[PDB]
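Just so you know, the protein sequences line up as chains A and B, in that order.
The first sequence maps to residues 185 to 688, 692 to 708 in the entry's author numbering.
The second sequence maps to residues 1169 to 1272 in the entry's author numbering.
The next block holds one structure in the form of C-alpha cells; read it before the comments.
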Amino acid sequence: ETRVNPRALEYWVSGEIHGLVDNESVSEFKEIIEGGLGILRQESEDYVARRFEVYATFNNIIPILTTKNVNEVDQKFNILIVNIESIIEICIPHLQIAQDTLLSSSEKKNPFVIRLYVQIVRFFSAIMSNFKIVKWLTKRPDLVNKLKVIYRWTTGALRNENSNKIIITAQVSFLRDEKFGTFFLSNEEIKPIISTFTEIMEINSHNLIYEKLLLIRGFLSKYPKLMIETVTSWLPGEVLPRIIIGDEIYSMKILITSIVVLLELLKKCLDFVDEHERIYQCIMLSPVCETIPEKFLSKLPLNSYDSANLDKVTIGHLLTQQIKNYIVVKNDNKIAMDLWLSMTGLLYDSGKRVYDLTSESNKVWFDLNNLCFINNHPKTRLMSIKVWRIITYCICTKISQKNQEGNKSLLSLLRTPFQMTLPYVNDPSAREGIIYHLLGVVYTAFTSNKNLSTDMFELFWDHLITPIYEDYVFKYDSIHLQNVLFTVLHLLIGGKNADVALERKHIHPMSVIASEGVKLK
Amino acid sequence: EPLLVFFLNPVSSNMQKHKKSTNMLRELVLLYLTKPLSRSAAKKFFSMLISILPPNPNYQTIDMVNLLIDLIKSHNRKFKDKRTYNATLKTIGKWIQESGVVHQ
DNA sequence: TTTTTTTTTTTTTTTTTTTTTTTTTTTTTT
DNA sequence: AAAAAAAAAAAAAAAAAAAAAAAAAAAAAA
C-alpha cells in the first residue's frame, strides 16, 4: 500500500528514508524534492532535526551523466529549474546560519551542524555543475545575482576561523565542478576566489593537496586570462613549493599533479606571451623570501650557506637541484625532463629572454639533459632529444634579427643533439631523434613562420642549414637516415612527394609542441 | 549485425538454412577470441550482445540459441577471464536461460 | 617474473549548416 | 486625419561529426 506521503512529517524518520527504488528512471522523484523544500518552511520544533536528512537524500536521488539516457538527467533537473525560487529563499539562509555558527569559535567540531554543512554544500555543487541549469539561468539575472552570494561567503570560509579538512574539500570540489562563473561571474568578481588559493588553513593530509591542485586545472581551462594575470600569487605561493620539498613529505601523486598544472598553463599562456615578464621576475631574478611564503619554507630541506643566504638562492637554482636527484638517485627520467621542458618555454617566450639560453649560468640545463642522455635506456635517449621542440619554437618564433651574433649563438646551440648522437649513429633511437628535431626546425622557421622576408631566411641558411648538413649530415654512413634527411629538401622546392594526406596538416607554431611533433606531410 | 540475422532467419523456417547456420555459428566464435581474454571486452561486448535476446515467440529460433549458449559456456570453464569480470561472466546464464525455460 | 607503453575509447571544440528573429513598410481603425 | 496592423528579406545562434588529445587498459619487456 503506497502511503509514505510526499510532504508533512511522515516520510523522513529522524535519521534516514531516501527513495532509490521505483523513483530511479521515473519523474515521481519530484515529490521527494518539492516535499523536502516544503519541510524547510521554518517552524522548527520537529522540523529542525529533519534538516539533516533532507539534504542527505538530495545527494542520493540525483543522477550521474548516464550516457545510456541523458534525458533522465534532463527530466530530473527540469523539476529544480521550476522549484528554484523556493530554494533561494530558504537553502541560502539555512546554509548561512550553519556556516556562521561554524564561523564564531575554535572547538566547533559539533557533529550536528558540521555533518549538515557538508551535505548542503554537495546539494548546491550538483545544482551548479549541471550545464542545462547554467544555459537556463540566463533567462533571469535577478536569480543569478542572488545565487552569487555562495562565492561571497565561501571565499571567507577558507582563510578564516576553523575551516576543517572536510569543509575545505566540499568547497573546492564545488569550485572544480561549478562551471557557472564562465557565463555569470565577471573577471573581477572571480579575483576574490583566486585570492583564496594562496590562503588556506594548513593540514597537508594528502586528500587536501590533491583536490587543491586539481582546482587549478579547471580554473586554467575555464578562466585562462584571469589565472595568467594573477600567476605571481598561486604558482609560487602553493603549487611550486610542492615539488621542491620532495617526495618524502608528500606522495608521488601530489608531485605529478603539480607538474601537470605547468603544462596546462603552457597550453594557455603562449597565447598571451606574458608581456608582464612574471616568469623570469618571480623565479630566476627573485630569491626564496621575495616570493615563497614561510608556510612552506619551514618544511624545506635546506643544505649549507644557502640556509643563511635565502636572499641569493633564486628559485631556478633549487629547482635545478631537485631535477638532478630524479635522474641520478630515483631514475625518474621522464618526470625530470617533462618538468624541465615546461619551465624553459614559459620563462623565455618573452622576445628578449630567448637569448638567455646562451648564458653559462643557464647552460646547466643542457648539462642536466646530457646526464640523462649518457644513460642506457634507448627510450630515455630518444626522449632527451624529443624535448628540444621548445628550444626550436623560442629560437625561431620570438627572435629579433638585430642581435646578429645572439641569433648565430642560439642557432649553434640548437645543433647540440647532433653532437650528442654523432658517436651513437649505430643505435636506432639516436637516428630517429635527429629526424624528429629537424622536422620541427624546418616547419617552425619556414612553414609556420609567416615573417620570412629576406633577412630571416639568410640566418636560417648559411648560419643554420649549411652548418647542419656539412658538419653532421654528409658524415653519416646510415643511408636510410640520409634518404629521409634529403627528402625534406624536395618538399621545400616544389616536389611534394611525401603522402601529404592520403587518409590517416600542421600550419600554426603551437603544432611542434605535440607528442608526435611534425612530419614530412 | 550478422548475429541479429543468426536469430531471426527461421521466421521463414527452412531446416536447410538452419542445418548450415548452427554449424557456421560455432566456427565463427572459435577464433573471435584467439588472444587471452581482454578484461574490458568481458563487459563491453557482453553488454550490447544481451540488449536484444527476443523474439520470445518463434519456436524454431530458440533451438539455435540453446545449441550455441552452452558452446560459449564450455570455453567459459576452460580459458576464461584471468580475474576481473568473473561475476558478470556468469550473469550471462541468469537472464539468457530465464528466456530458454519460459518459451520452450 | 611483474614494469611500462600503445590501441581503443572518450571529450572537447572547430566548421558546417541549420534554426530563427527582427527590422522594414502599406493601408485601415485609434 | 494619425496609429496600428500586415509582410518582405536580411540577419544571428547553436548543435552535430570527426581530428586530435588524452585515458583505461592491454601489450610488451623484464
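Note that CB positions come from ideal geometry on N, CA and C, so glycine has one too.
For a cut-off of 8 Å, the C-beta gap from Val699(A) to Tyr627(A) is around 6 Å, short enough to register as a contact.
With the rule of 3 Cβ pairs closer than 8 Å, the segment 410-429 of chain A does not count as touching the segment 659-679 of chain A. As computed with DSSP, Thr498(A) is found in a beta bridge with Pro471(A). Counting other Cβ atoms within 10 Å of its Cβ, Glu1169(B) stays below 16 and is therefore classed as exposed. In the structure shown, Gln585(A) falls within a coil segment according to DSSP collapsed to helix, strand and coil.
The three-state reading of DSSP puts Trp337(A) in helix, counting H, G and I together. Take the alpha-carbon of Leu648(A) and the one of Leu595(A): they are about 6 Å apart.
With contact defined as three or more Cβ pairs closer than 8 Å, the segment 498-509 of chain A and the segment 461-476 of chain A are in contact. For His664(A), the enclosing alpha helix (DSSP H) has its first and last residue at 663-677. Contact annotation: the segment 387-402 of chain A touches the segment 360-370 of chain A, with at least three C-beta pairs closer than 8 Å.
With a beta-carbon spacing of about 17 Å, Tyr532(A) and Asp522(A) fall beyond the 8 Å limit used to define contacts. Proximity to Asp1249(B) across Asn1224(B), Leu1217(B), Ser1208(B), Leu1221(B) peaks at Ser1208(B), based on C-alpha coordinates.
The segment 227-238 of chain A makes contact with the segment 297-316 of chain A, as at least three CB pairs between them are under 8 Å.
In this structure, the beta-carbon distance from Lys316(A) to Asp258(A) falls below 8 Å.
Our two residues, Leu287(A) and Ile1264(B), have alpha carbons roughly 59 Å apart in a direct line. Beyond the five residues adjoining it in sequence on each side, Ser435(A) comes within less than 7 Å, by CB distance, of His390 in the same chain, given in chain order. Between the alpha carbons of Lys1246(B) and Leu1205(B) lies a gap of roughly 12 Å. Counting the other CB atoms within 10 Å of its CB gives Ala240(A) a total of 16 or more, which places it among the buried residues. Counting the other CB atoms within 10 Å of its CB gives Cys473(A) a total below 16, which places it among the exposed residues. Looking from the CA of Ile579(A), the closest CA among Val625(A), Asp611(A), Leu450(A), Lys586(A) belongs to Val625(A). Per DSSP, reduced to three states, the secondary structure at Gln1272(B) is coil, with no helix or strand assignment.
In the three-state reduction of the DSSP assignment, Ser568(A) falls in the helix class, which pools H, G and I. The alpha-carbon separation between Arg336(A) and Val356(A) amounts to approximately 14 Å. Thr380(A) sits in coil when the DSSP states are folded into three classes, being neither helix nor strand.
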